[PDB]
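Here is the structure we will look at.
Below, read A as the first sequence line, B as the second, and so on, with proteins coming before strands; counting in each chain starts at 1.
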Amino acid sequence: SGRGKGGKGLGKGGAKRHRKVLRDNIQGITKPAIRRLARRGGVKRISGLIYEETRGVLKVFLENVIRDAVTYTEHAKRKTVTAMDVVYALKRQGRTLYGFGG
Amino acid sequence: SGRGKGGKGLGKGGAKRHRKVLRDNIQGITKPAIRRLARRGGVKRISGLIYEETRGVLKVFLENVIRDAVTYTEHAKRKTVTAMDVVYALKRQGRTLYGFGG
Amino acid sequence: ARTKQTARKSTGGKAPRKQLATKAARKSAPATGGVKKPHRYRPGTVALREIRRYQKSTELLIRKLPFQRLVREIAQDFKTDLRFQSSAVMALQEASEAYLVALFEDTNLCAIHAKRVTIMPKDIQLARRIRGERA
Amino acid sequence: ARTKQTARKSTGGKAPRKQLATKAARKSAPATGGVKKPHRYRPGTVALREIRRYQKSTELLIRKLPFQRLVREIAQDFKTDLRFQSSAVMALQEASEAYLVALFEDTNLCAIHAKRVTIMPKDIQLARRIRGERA
Amino acid sequence: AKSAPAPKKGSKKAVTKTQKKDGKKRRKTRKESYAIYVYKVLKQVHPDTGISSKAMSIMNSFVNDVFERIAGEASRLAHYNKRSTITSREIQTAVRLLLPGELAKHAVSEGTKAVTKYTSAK
Amino acid sequence: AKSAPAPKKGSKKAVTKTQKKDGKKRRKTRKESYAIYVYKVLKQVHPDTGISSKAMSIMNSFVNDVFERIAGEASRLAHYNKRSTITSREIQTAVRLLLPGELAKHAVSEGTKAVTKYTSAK
Amino acid sequence: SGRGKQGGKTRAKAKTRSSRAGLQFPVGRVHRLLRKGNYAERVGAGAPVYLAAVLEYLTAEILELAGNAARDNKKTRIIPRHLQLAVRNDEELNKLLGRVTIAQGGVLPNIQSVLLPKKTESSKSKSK
Amino acid sequence: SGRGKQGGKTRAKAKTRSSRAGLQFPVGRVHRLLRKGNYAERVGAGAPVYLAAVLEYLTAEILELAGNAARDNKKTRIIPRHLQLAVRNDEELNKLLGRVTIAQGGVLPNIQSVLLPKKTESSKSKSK
DNA sequence: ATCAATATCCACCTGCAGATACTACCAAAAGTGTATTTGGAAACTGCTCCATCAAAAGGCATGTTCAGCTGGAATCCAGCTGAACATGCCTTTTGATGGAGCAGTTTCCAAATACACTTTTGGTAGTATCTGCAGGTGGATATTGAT
DNA sequence: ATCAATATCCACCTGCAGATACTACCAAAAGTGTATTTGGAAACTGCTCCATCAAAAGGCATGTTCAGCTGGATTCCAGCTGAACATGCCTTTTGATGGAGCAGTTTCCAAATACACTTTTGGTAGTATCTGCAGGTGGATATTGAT
Ligand SMILES: [Cl-]
Ligand SMILES: [Cl-]
Ligand SMILES: [Cl-]
Ligand SMILES: [Cl-]
Ligand SMILES: [Mn+2]
Ligand SMILES: [Mn+2]
Ligand SMILES: [Mn+2]
Ligand SMILES: [Mn+2]
Ligand SMILES: [Mn+2]
Ligand SMILES: [Mn+2]
Ligand SMILES: [Mn+2]
Ligand SMILES: [Mn+2]
Ligand SMILES: [Mn+2]
Ligand SMILES: [Mn+2]
Ligand SMILES: [Mn+2]
Ligand SMILES: [Mn+2]
Ligand SMILES: [Mn+2]
Ligand SMILES: [Mn+2]
């Protein structure tokens, strides 16, 4: 309840701190999910190569916004990315978002 | 004297003689100038309907930029549109132009 | 005639000209004449039904946890040891989905421009290039 | 082994030759009618030559006076009796031409996307919609 | 009787010591919003219509975004003209630059009407 | 009773002269630019290369543009963090947000170098 | 006149600049925000009045249209969806908010014509 | 030989801030412009130095590339065309100036392959 | 056109997350009063540069002829991609707990603002010399396209 | 393959728009000295909410089958658009005069800022209780698709 260590982040000792390696999570953006986004976009038929192409485009989109959001986070000396860090990052990339503050 | 139908002689097709004061103007942006613009843009073949389309687009662009430039002119209480008024108008429309800030 | 008595000639007799119509394909009547029956909507009908459904709703379309792991993975590659407000992740998801949906709208316009109804990678590529995201 | 055959004097491109007559004949059509297959570049060869010429230069491509007139006319709709600094008009022309040239590049990509080499109004329209100018 | 001077400024919750009623955990810094004003306007236009908190968060973003866009445009206008004061005149021109046709027209009318009224008092 | 102390080829003298103001400061509304500094840098990178006036104006616009973008980004950064001061740290972070990869690394390296030198400077 | 002392209250005391300008939005707050944002060294008295009036006006416009969308969808409470329908179906607000995303707004129903079925979908010579 | 604080001799503008920073760009002017730009209430001393250094560095990067372009075109004087060539052929400068128009800059030579002679076949080996 | 398989519509209903309602407190927000400072509007006008002529001189737009080759209509068909289905897993949901770390509160000085004063400098102006390269001429040779 | 008809390029030459070198002048740009103010980092810690665990279960993902109909390839040819010409309209230039009005300067006052008080108010917090509508059911009506 306020005891531990920190420094490098978090941790315990008597076997208690998680965080497994994160990899290949872009595959979590599934074919059904992309089909649903395309449907809301008014798309009726989709070529098989669209799914990997869409993952690639989303990865670039996310890398760009997250890069700026984390830059705001670090400049503020924080270790937690805030909704505001994301809103400002979105705004500076010309993707203004309403609903999350600011 | 009617004469001809296109070729030699005098009075034959292609014989106008005035200079504006309500005439061409947008029609003054010629098919040849538009073709040249397209060539610099890498275009090899042009539909006959492109010329009027281009005039329409160019008029919208100028209306937009000139409207804002004149808004800056009036705010300044001036009667003369300056290069800066145009530079500021272009910048706010996302079309920053370098070379005219003297 | 033949002046006798039979009542054969003509009236359906003589030869055929009557014993009409199709033979099968009503509900089943397995005698052969109309294949089987299981109900199927035609290709495209359900796709159109899904467009109407999803354009009427607003819920996020990517699963939440999988999207959250992608965000964490990418962020982690930029800077280790980050934590996220949960609304920061929802903000990224709202923005990401609106971005993709709008891009699919432009991509569809590109497929249609080429006389197709099927979007392909080149349509996405053309839309991103005209947008200035690529070239 | 001779000197004959030619005996084609030493110089002189004159056709009438060494005896009266002095027309402008040389090696074409001193008469009045045909020609014998004049020279013609194929459709597309000169268009390609123009693309290379204009992509190498930077001079404005729309005539100055007709452009100035258009600008003044448009401005008169927002405020009458305005004057323009000469560089204001030039700034507008530099910006307008750069805008149109870049739009033609996009329009060209749209034509090619549809398997054409000829740009059409629908290509300009698609490009402007994707850019968010129409949209 | 008397509040000032100091200290305390930014009180609430110091160690413990409490009389009655459990509240005010070390005063949160106030986060202002346009919500009560947005709500006031909503009732004028649609008396029996409510608004969800998410829609209200959207309205708050909208008002803050337009405020920043108009103020930024006014700022630039003032600097371009070497003026150190943003007056209603810079706001008006920023409005004409930022808003599309009919909206700018009605916005300019309301802004002008408000300044004229404001200056008609006292 | 005069002998025409001065002919008629312009204007005459007004008693005494001026060793300042009227000298030549009127239409002297100073209009500064980065031209002489851009010129100095061109010499360090290309000693035998010149630059046309039109090109120099492009450069002046360039420096002014980047200054505004970096300063504007630094401004928002400080405001977002509730800081009334723009320090080298805000300039650095603004540079990282505005400039593409390699350009940012070298810009940051140059900025950090100038501030260090400047610091360890008399 | 010369410091001294004063008495009586007619100007206001309890009269906000908002009431004085005939507004619902807060003139005092807008004035403070204009000063806090570093837009200029000085802010005239009329600037926050004009700006508050404009913000109030735009708010009324979006709420009018959004309440209409909620009514059209048989709802009495405005949610993000209604704001998005109001904005995207209005030419001018759509342009003002052209690069803005309203969270949980969805999109306008819109299927391109060429994608709808037809011709009874039966070849030309009775086939596929 | 004593005095104290050094606030005496050479009371003149000893060294400019730019000189102390090892810069060619005007630190004092950059300081003044930051202050008059209304970017923030206060401006720290190192901010105009860091910024002047970045402005000088970027200027050097573009002049280096435009000078190379002038040189490749057999010229010793940089004109707008050379700045355009320099920026557009540089991936990062091109992106930084992605929404900027260099007057009298022209465009980069570029013909879509499908438009080249003989149906469609890029070919070329000179610059391709 | 009839019939059937399903989707879709709507009335009716209930649970409940979110919305909404009073009581309580207060630190910042906001208004009123006086005094003091000053940004910039108003009037005058100097001189920069914008508008109009004048008026040849010919670069370039426009109209015409001809047909090459492009756009797009019409056909065929391999196989991609949508629809439907079985299976079962992993996202979602509901509830909990430690503790990282964001953020409130007071202290305290390095560094910024505020000023007076001295010095330095970039910009404006003349007047004057210098020079990179555009534009022109030869003539070579590369390209294009018919035979 | 041969070779004419043109386009295109390189080497050189020179006038001149435009860059450059030198001197003169000055307001303001900039730096230095000293005296005061203060933003915001430290340090300490209240208090939020982030990471993570648990367990259950059903919405939804996955993987497969089957074949409808789409995209891709091919062929054909009407007719649009490019290339080449013949005119001759009208932009371009340049030379040079009015005078509009931008822009420099001096006044001067309406309104801004600074400062000290006092009242007002929006936001935050604790508690409780409504209320709009999601989500579900059940039957009626509509849509789609086979014949
Ligand atoms: Cl593809
Ligand atoms: Cl078309
Ligand atoms: Cl005002
Ligand atoms: Cl600093
Ligand atoms: Mn990783
Ligand atoms: Mn003054
Ligand atoms: Mn034919
Ligand atoms: Mn073809
Ligand atoms: Mn801790
Ligand atoms: Mn000097
Ligand atoms: Mn040359
Ligand atoms: Mn303090
Ligand atoms: Mn499975
Ligand atoms: Mn088949
Ligand atoms: Mn097809
Ligand atoms: Mn006058
Ligand atoms: Mn209250
Ligand atoms: Mn329901």
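- Under the Watson-Crick and G-U wobble criteria, each requiring two contacts below 3.5 Å, nucleotide J:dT113 is paired to I:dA35.
- A donor N or O paired with an acceptor N or O is found under 3.5 Å between the base of J:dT124 and the side-chain atoms of E:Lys24.
- If you run salt bridge (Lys or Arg N to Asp or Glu O under 4.0 Å) between C:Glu50 and each of A:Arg39, A:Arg36, A:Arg45, A:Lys44, only A:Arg39 comes through.
- In this structure, J:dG99 and I:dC49 make a Watson-Crick or G-U wobble pair, each of the two defining distances being under 3.5 angstrom.
- Comparing atom distances between the F:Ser84 side chain and each of J:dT91, I:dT34, J:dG39 picks out J:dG39 as nearest.
- In this structure a side-chain-to-backbone donor-acceptor pair under 3.5 Å is present from F:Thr87 to F:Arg89.
- Residue contacts with the duplex place E:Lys9 in the major groove, since a side-chain heavy atom sits under 5.0 Å from one of the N7, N6, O6, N4 or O4 atoms while no minor-groove atom is that close.
- Using P as the reference atom, I:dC130 and I:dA54 are 43 Å apart when rounded to the nearest Å.
- Under the Watson-Crick or G-U wobble criterion, with both distances below 3.5 Å, J:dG104 is paired with I:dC44.
- G:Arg32 has a side-chain polar atom (N or O) that falls below the 4.0 Å cut-off from OP1 or OP2 of I:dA30.
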Subject >> Protein-to-nucleotide contact annotation, 5' to 3' order, nucleotides 62-70 of chain J [B base; S sugar-phosphate only; - none; under 4.0 Å, heavy atom] >> reply: S----SBBS

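- Using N1 to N3 plus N6-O4 or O6-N4 for Watson-Crick, or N1-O2 and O6-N3 for G-U wobble, each under 3.5 Å, I:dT91 pairs with J:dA57.
- Judged by Watson-Crick or G-U wobble contacts below 3.5 Å, the nucleotide I:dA86 has J:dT62 as its partner.
- Contact check, A:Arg36 against J:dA61: a side-chain N or O comes under 4.0 Å of OP1 or OP2.
- Here the side chain of A:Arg78 pairs a donor or acceptor atom with the backbone of A:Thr80 at under 3.5 angstrom.
- Side-chain nitrogen and oxygen atoms of C:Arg63 include at least one within less than 4.0 Å of the OP1 or OP2 phosphate oxygen of J:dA61.
- In terms of phosphate contacts, E:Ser33 brings no side-chain nitrogen or oxygen within less than 4.0 Å of OP1 or OP2 of J:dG122.
- Residue contacts shown for C:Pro66 are limited to sugar-phosphate atoms, with no base heavy atom under 4.0 Å away.
- F:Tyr37 does not carry H:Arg29 over the face of its six-membered ring by the limits of under 6.0 Å from the centre and within 45° of the normal.
- Across all strands shown, the partner of J:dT70 is I:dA78, judged by Watson-Crick or G-U wobble contacts whose two distances both fall under 3.5 Å.
- Within the structure, every side-chain polar atom (N or O) of H:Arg35 is placed at least 4.0 Å from both OP1 and OP2 of I:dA114.
- Applying the Watson-Crick and G-U wobble criteria (two distances, each under 3.5 Å), J:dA128 pairs with I:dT20.
- The separation of J:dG139 from J:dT62, taken at their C1' atoms, amounts to 35 Å, rounded to a whole angstrom.
- With a cut-off of 3.5 Å on both pairing distances, the Watson-Crick or G-U wobble partner of I:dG122 is J:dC26.
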